[PDB]
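Q: One structure is given below, represented as structure tokens, and several questions about it will come after.
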Amino acid sequence: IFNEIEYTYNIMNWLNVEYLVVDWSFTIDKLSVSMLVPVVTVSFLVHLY
Amino acid sequence: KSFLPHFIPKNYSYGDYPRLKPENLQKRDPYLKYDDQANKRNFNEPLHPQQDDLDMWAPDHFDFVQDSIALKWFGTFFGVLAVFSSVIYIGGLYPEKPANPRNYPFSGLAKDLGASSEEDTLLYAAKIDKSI
Amino acid sequence: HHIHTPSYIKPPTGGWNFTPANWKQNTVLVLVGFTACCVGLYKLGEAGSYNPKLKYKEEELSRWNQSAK
Amino acid sequence: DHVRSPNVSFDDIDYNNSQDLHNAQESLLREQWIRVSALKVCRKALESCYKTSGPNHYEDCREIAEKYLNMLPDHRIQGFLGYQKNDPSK
Amino acid sequence: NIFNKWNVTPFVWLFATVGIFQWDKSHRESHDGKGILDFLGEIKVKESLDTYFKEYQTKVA
Amino acid sequence: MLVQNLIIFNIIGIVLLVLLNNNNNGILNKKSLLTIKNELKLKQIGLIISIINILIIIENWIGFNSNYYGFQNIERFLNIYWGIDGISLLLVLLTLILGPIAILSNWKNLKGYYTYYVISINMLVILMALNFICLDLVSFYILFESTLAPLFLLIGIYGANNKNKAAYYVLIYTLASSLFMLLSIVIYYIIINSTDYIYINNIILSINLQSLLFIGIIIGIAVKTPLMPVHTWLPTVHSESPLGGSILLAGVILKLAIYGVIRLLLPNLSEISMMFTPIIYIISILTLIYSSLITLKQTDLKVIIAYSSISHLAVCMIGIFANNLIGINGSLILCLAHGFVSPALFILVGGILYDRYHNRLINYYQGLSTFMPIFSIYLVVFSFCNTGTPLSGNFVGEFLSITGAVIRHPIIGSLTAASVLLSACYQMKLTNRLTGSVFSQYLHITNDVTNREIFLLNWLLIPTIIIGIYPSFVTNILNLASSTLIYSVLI
Amino acid sequence: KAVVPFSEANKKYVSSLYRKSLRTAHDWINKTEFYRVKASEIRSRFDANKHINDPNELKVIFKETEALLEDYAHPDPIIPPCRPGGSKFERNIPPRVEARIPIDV
Amino acid sequence: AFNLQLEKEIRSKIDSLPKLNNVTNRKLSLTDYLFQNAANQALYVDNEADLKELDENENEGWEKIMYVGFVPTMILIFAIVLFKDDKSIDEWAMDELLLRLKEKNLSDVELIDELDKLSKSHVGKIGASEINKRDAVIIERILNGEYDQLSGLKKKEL
Ligand SMILES: CCCCCCCCCCCCCCCCCC(=O)OC[C@H](COP(=O)(O)OCCN)OC(=O)CCCCCCCCCCCCCCCCC
Ligand SMILES: CCCCCCCCCCCC(=O)OC[C@H](COP(=O)(O)OCC[N+](C)(C)C)OC(=O)CCCCCCCCCCC
Ligand SMILES: CCCCCCCCCCCC(=O)OC[C@H](COP(=O)(O)OCC[N+](C)(C)C)OC(=O)CCCCCCCCCCC
Ligand SMILES: CCCCCCCCCCCC(=O)OC[C@H](COP(=O)(O)OCC[N+](C)(C)C)OC(=O)CCCCCCCCCCC
Numbered sequence: 051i052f053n054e055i056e057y058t059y060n061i062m063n064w065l066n067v068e069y070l071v072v073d074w075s076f077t078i079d080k081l082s083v084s085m086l087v088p089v090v091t092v093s094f095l096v097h098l099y
Numbered sequence: 025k026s027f028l029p030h031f032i033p034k035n036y037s038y039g040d041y042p043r044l045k046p047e048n049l050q051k052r053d054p055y056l057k058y059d060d061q062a063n064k065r066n067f068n069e070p071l072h073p074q075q076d077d078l079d080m081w082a083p084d085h086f087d088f089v090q091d092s093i094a095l096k097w098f099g100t101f102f103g104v105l106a107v108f109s110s111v112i113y114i115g116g117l118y119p120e121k122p123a124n125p126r127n128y129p130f131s132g133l134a135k136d137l138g139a140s141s142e143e144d145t146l147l148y149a150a151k152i153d154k155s156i
Numbered sequence: 004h005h006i007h008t009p010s011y012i013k014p015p016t017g018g019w020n021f022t023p024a025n026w027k028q029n030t031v032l033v034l035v036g037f038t039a040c041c042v043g044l045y046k047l048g049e050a051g052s053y054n055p056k057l058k059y060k061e062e063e064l065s066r067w068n069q070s071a072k
Numbered sequence: 003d004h005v006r007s008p009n010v011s012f013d014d015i016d017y018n019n020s021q022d023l024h025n026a027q028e029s030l031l032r033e034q035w036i037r038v039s040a041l042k043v044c045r046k047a048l049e050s051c052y053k054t055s056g057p058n059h060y061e062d063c064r065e066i067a068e069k070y071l072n073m074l075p076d077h078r079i080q081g082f083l084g085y086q087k088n089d090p091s092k
Numbered sequence: 062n063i064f065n066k067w068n069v070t071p072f073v074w075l076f077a078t079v080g081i082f083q084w085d086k087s088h089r090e091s092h093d094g095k096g097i098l099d100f101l102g103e104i105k106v107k108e109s110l111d112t113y114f115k116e117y118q119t120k121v122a
Numbered sequence: 001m002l003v004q005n006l007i008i009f010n011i012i013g014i015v016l017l018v019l020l021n022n023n024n025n026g027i028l029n030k031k032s033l034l035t036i037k038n039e040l041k042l043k044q045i046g047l048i049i050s051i052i053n054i055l056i057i058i059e060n061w062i063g064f065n066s067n068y069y070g071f072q073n074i075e076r077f078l079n080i081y082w083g084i085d086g087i088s089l090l091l092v093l094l095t096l097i098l099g100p101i102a103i104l105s106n107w108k109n110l111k112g113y114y115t116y117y118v119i120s121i122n123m124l125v126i127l128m129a130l131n132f133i134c135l136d137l138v139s140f141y142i143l144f145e146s147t148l149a150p151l152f153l154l155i156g157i158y159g160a161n162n163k164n165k166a167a168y169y170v171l172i173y174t175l176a177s178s179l180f181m182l183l184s185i186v187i188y189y190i191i192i193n194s195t196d197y198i199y200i201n202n203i204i205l206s207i208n209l210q211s212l213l214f215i216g217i218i219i220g221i222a223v224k225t226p227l228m229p230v231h232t233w234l235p236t237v238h239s240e241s242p243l244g245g246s247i248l249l250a251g252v253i254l255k256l257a258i259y260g261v262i263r264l265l266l267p268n269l270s271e272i273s274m275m276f277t278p279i280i281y282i283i284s285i286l287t288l289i290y291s292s293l294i295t296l297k298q299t300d301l302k303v304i305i306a307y308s309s310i311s312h313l314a315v316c317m318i319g320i321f322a323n324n325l326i327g328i329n330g331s332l333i334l335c336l337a338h339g340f341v342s343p344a345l346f347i348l349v350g351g352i353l354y355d356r357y358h359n360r361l362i363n364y365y366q367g368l369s370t371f372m373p374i375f376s377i378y379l380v381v382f383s384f385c386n387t388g389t390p391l392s393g394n395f396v397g398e399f400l401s402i403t404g405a406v407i408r409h410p411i412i413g414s415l416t417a418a419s420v421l422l423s424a425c426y427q428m429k430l431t432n433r434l435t436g437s438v439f440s441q442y443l444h445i446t447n448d449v450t451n452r453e454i455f456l457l458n459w460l461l462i463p464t465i466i467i468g469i470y471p472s473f474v475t476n477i478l479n480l481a482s483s484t485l486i487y488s489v490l491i
Numbered sequence: 007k008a009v010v011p012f013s014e015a016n017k018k019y020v021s022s023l024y025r026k027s028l029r030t031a032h033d034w035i036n037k038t039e040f041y042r043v044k045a046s047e048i049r050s051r052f053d054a055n056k057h058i059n060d061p062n063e064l065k066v067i068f069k070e071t072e073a074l075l076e077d078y079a080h081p082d083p084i085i086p087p088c089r090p091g092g093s094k095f096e097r098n099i100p101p102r103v104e105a106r107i108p109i110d111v
Numbered sequence: 025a026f027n028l029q030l031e032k033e034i035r036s037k038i039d040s041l042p043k044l045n046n073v074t075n076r077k078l079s080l081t082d083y084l085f086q087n088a089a090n091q092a093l094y095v096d097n098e099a100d101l102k103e104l105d132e133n134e135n136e137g138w139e140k141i142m143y144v145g146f147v148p149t150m151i152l153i154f155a156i157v158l159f160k161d162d163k164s165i166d167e168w169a170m171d172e173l174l175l176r177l178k179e180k181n182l183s184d185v186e187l188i189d190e191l192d193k194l195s196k197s198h199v200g201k202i203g204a205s206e207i208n209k210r211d212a213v214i215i216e217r218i219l220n221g222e223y224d225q226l227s228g229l230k231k232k233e234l
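Protein chains in written order, with UniProt numbering: chain W, 51 to 99; chain A, 25 to 156; chain L, 4 to 72; chain V, 3 to 92; chain R, 62 to 122; chain C, 1 to 491; chain B, 7 to 111; chain D, 25 to 46, 73 to 105, 132 to 234.
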């Protein structure tokens with residue numbers, strides 16, 4: 051959010067049917083990390099609760 | 025009151041299979057004793073031909089009001105909002121804009137909205153700021 | 004109280020307040036596994052990840068748009 | 003090893019020679035798989051630009067986006083039965 | 062027994078598969094990119110397969 | 001090598017088993033050693049042959065080249081030319097793998113005559129395995145119809161209460177229709193003077209004569225992959241056949257009809273396949289929607305899985321008739337994924353429950369997750385795979401088949417997406433009922449899944465999730481083979 | 007059927023109509039002070055017609071009393087959590103006690 | 025180890041207690083099923099069948141086969157799909173697309189510089205990936221011009 055950096059781990063290929071190519075790729079942009087704060091934070095306290 | 029769900033037949037004759045009025049097993053008294061307390065059924069009780077639609081596994085049946093009365097209340101409630109939305113639209117009671125819609129420089133940012141040349145422009149242009 | 008029938012019903016998640024006698028020993032064997040894998044997952048994450056905003060400089064893109072033209 | 007495609011056309015051979023006809027079908031299949039490979043490369047160029055440009059993605063990625071949407075309908079596998087069994091000239 | 066007959070078996074497959082994959086990745090560097098199963102045989106090439114096809118089509122005709 | 005080793009060894013095995021069992025018949029009563037432990041030695045020799053059959057094909061899988069277009073491993077045996085291409089290789093692999101599993105499923109749940117059962121199972125598997133590797137319509141038909149003789153006897157001898165009705169159904173439904181496929185095969189032999197695949201792929205016929213041959217062949221296919229309205233044989237036969245007969249009749253026999261499209265309709269009748277594809281979609285979409293709704297009102301446990309088989313096969317036919325690589329690859333992966341999930345359910349429904357309580361009525365089973373937890377984990381796990389959960393191999397097959405359907409026909413082909421919702425209706429209702437509420441008051445607590453029945457489940461689930469996570473194993477073989485099936489001229 | 011006043015079975019019917027009446031009042035009225043006031047009245051309405059020696063006069067009230075409850079029935083009655091219909095009914099039922107009969111599959 | 029008298033011990037131990045419905075060192079060979087004569091095989095039937103008579133789904137005769145014969149077959153199948161040198165058609169088409177760049181652009185020094193320094197392992201991931209490799213020239217060259225002869229195979233037009 052503050053340092054304008056992005057992360058992308060691409061495990062391997064999933065579908066490779068001619069032009070349709072899909073990877074097991076995981077990225078964390080501003081929006082992906084804007085949603086990982088509400089999700090993981092609350093869920094941790096829910097498990098603690 | 026106590027009405028049975030839709031599509032349950034009034035009559036059936038499947039040869040020698042016994043005839044018996046349909047009973048909505050979901051509405052049996054939950055306190056009475058049963059051989060199968062979860063299904064509220066006693067052993068060796070006969071089943072209706074469509075008993076699969078009249079037991080605890082079938083979709084829940086709600087009999088608080090008649091299925092027609094529910095439509096009237098349901099449609100009326102959205103019907104009430106329809107007139108509230110219609111009158112404003114018919115009357116035009118919603119307020120006018122207090123300022124001109126936002127304009128943009130550089131030919132409405134035509135190039136910056138995915139345009140190549142000046143012939144298309146209006147295809148990709150935003151609100152043009154003609155008043156620089 | 005009531006009977007869990009624990010002689011035979013042995014699901015992977017125990018069942019009805021199950022706790023083995025040697026639970027303290029096994030947890031340290033498990034707490035290692037969580038630690039062994041979390042450390043292992045950190046290595047792969049650093050080695051196999053990248054920043055998708057710095058792989059190609061804008062000087063290289065500017066040639067691509069013109070070449071396709 | 004890397005086998006070379008047998009560059010051969012349906013318009014120069016006799017289908018009675020089922021050995022040559024096989025190459026005309028195999029040559030028309032291999033060229034099409036190149037176009038998809040060419041297409042997947044072009045799409046990769048589009049993805050870098052959009053990620054790198056951000057707001058300017060509409061400008062810095064203009065002709066790539068134009069070209070990709072042009073090659074898409076025809077850069078796909080179509081088989082050889084269409085062209086083997088039909089005569090465009092007629 | 063945490064190390065009983067059932068718990069261990071996935072890890073035997075899990076660790077073994079990782080080892081052989083790393084083994085095979087190495088084996089390609091020292092054997093010109095050819096895989097760990099190169100000993101079992103060789104891929105059929107077009108030149109060998111085309112002779113069979115031509116005799117098959119000739120007899121058919 | 002292949003077919004020659006595949007027939008000669010199996011014939012030798014069949015002769016060996018017959019010699020051992022029938023030696024003591026004679027004039028005197030016999031209490032020999034081979035009868036001890038329920039013919040256990042003779043069942044073992046039958047189980048080994050199933051494993052060895054897999055080793056024969058792998059000897060030839062190594063030589064397979066994924067970058068060569070055309071049939072490989074071509075050989076002539078019994079004046080018939082055989083061979084393998086990309087599509088045929090994988091289906092052969094599925095057929096032989098279900099060999100050991102079909103035999104293992106019936107290890108100790110037949111009243112007797114295990115040697116006859118073991119011989120028939122290995123015989124049906126070989127006949128179906130050989131059906132993917134012939135290279136003419138006549139030899140395709142010979143192997144396509146020879147499986148009736150053991151299957152009709154097997155279902156009649158070893159069947160359930162209605163085995164006579166089931167036997168009279170598979171024999172007549174699959175013969176009175178496949179005889180219509182014989183007529184179109186004969187007409188190919190009259191005008192062209194040959195039924196070889198390659199020779200007939202290069203010929204174009206008049207668009208009137210294309211419509212006749214297509215109607216004849218698709219009649220024989222619409223019964224094997226049961227399309228409404230001629231599906232009535234499959235639910236009946238499944239509910240009455242032996243458990244091993246259900247694994248083959250669902251695992252393989254249905255997929256012989258999708259392979260029937262690949263050889264007999266798309267290459268040689270390409271022009272008329274385009275015309276019928278709108279009609280094929282109408283029949284298959286109505287098969288998809290009606291079969292899903294009919295399943296919601298069924299009571300027999302083993303029938304309910306039978307109709308779930310029909311809904312998936314309708315989707316497979318939808319994809320294969322899509323004229324793109326996405327639909328064709330998706331349809332074939334779904335056939336492979338359905339080839340493991342479908343047999344697994346019959347083991348859960350007609351092989352684990354039915355071997356303990358001997359009743360297939362749904363009303364007796366509920367709350368099974370209390371005293372049978374290991375059963376309910378697999379029933380839950382296989383319920384999701386059967387409904388295209390994204391991590392399984394069925395989702396890859398269904399998503400691509402739906403994607404290919406929309407590509408071919410955006411308007412009506414979009415209705416294939418109803419497969420995602422409807423498959424979760426009849427299936428999850430069945431699972432939610434079985435493993436919900438209190439344990440049933442009509443059943444009695446017994447053993448959970450035995451070690452053998454776990455082995456069957458684990459090795460039908462393991463291939464399913466590999467194809468789901470990494471389907472490129474199947475795709476790398478299919479791509480060059482499936483690209484020869486597409487008919488389109490773009491100018 | 008017929009209604010026989012002062013018979014044991016007829017009294018229990020009137021007892022049942024009383025639990026329907028007061029619980030329904032309890033369902034709508036959520037303050038005790040307001041509830042006792044209305045609950046007192048219902049008993050007075052129940053005890054004013056205590057003395058009846060006629061069959062047919064009594065059956066009309068039974069017809070009327072059912073109608074009074076049906077129209078005034080709450081659309082969300084209060085239920086104890088562990089009683090049937092409650093929030094915790096059937097939760098965590100202890101498993102059945104029975105011997106496992108092994109089968110040689 | 026048929027051990028004919030070992031049956032007679034089972035015979036005598038049972039005979040002493042004829043009452044019915046009221073051990074480990076027994077293990078045959080392949081010889082006893084076929085070579086042995088009927089009379090010695092005749093007694094073995096009674097001992098084995100009725101030993102169970104005086105009675132957990134283990135040792136059913138299959139685990140020795142499936143775990144030794146079937147499971148390694150799957151590993152062999154799983155191995156082949158993992159470490160086989162089968163080149164798929166599309167993976168071939170990626171190498172062929174680049175091999176034409178070399179043949180069609182031999183005058184371009186910079187382009188061949190990137191192809192030369194490239195390793196044969198990273199051919200399948202051209203573009204954005206974890207590998208620290210430069211391919212801007214490779215991607216740029218393909219964008220500017222086409223390198224297929226699909227029209228070259230079609231000598232007939234409308
Ligand atoms: C009861 C069920 C029991 C069975 C359950 C099975 C679950 C096991 C999960 C794994 C399933 C099998 C997938 C792994 C085997 C296939 C690996 C593979 O194909 O890697 C290919 C990949 C790219 O191929 P290439 O670069 O050309 O070189 C490879 C040469 N073989 O080469 C690579 O570099 C990839 C290296 C490996 C990367 C990590 C693989 C981890 C796989 C698990 C995570 C899958 C992705 C995450 C999914 C979780 C949900 C998001
Ligand atoms: C992304 C993929 C994630 C996969 C990770 C799996 C973790 C969950 C494992 C649960 C095992 C277990 O224990 O389930 C079994 C539990 C155990 O009950 P218990 O609480 O031990 O009590 C034991 C006493 N009972 C059983 C009387 C309560 O009972 C059941 O039969 C519940 C019904 C089946 C549950 C199926 C869940 C499967 C997970 C979903 C697979 C896609
Ligand atoms: C440390 C971090 C990683 C931990 C991962 C777990 C490793 C241990 C696994 C072995 C446990 C085991 O096999 O048991 C787990 C269970 C029980 O079966 P069982 O053990 O035979 O039951 C004993 C039976 N008796 C009494 C006869 C001996 O298996 C299963 O039914 C697995 C069902 C599938 C689970 C969900 C798979 C869905 C795939 C989703 C992801 C791809
Ligand atoms: C790959 C193709 C090869 C060709 C095979 C031809 C079959 C002839 C076998 C005769 C052996 C025999 O009569 O033996 C009988 C054997 C085994 O009987 P059992 O249980 O041991 O004895 C039982 C009596 N007891 C236990 C008291 C001793 O059962 C079989 O016949 C099974 C296979 C044939 C069934 C279907 C025949 C259909 C033929 C048409 C197919 C298109």
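Note that beta-carbon positions come from the ideal geometry of N, C-alpha and C, so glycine has one too.
Going along chain D, which residues have a C-beta under 9 Å from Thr450/C?
A: By 1-based counting over the sixth sequence, the position of residue 450/C is 450. The contacting residues are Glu132, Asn133, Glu134 and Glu136.
Q: Looking at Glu186/D: is its Cβ nearer than 7 Å to the Cβ of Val213/D?
A: Stepping through the eighth sequence from its first residue, residue 186/D is reached at position 110. Stepping through the eighth sequence from its first residue, residue 213/D is reached at position 137. Yes, the Cβ-Cβ distance between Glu186/D and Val213/D is below 7 Å.
Q: Along chain R, in chain order, which residues have C-beta atoms closer than 7 Å to that of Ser194/C?
A: Translated into the one-based positions of the sixth sequence, residue 194/C becomes position 194. Per Cβ cutoff of 7 Å: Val121.
Q: Residues of the stretch 93 to 120 of chain R in Cβ contact with chain D at a cutoff of 9 Å, in chain order, please.
A: Those residues of the stretch 93 to 120 of chain R that come within reach of chain D (Cβ to Cβ, closer than 9 Å) are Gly94, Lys95, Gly96, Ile97, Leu98, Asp99, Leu101, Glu103 and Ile104.
Q: Is the separation between the beta-carbon of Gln225/D and that of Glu28/V shorter than 7 Å?
A: For this step, residue 225/D is matched to residue 149 along the eighth sequence. For this step, residue 28/V is matched to residue 26 along the fourth sequence. Cβ distance not < 7 Å, so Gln225/D and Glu28/V don't count as in contact.
Q: Would you kindly report the start and end of the unbroken alpha helix (DSSP H) that includes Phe76/R?
A: Here the question's residue 76/R lines up with position 15 in the fifth sequence. Here the alpha helix (DSSP H) through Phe76/R covers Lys66 to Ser91.
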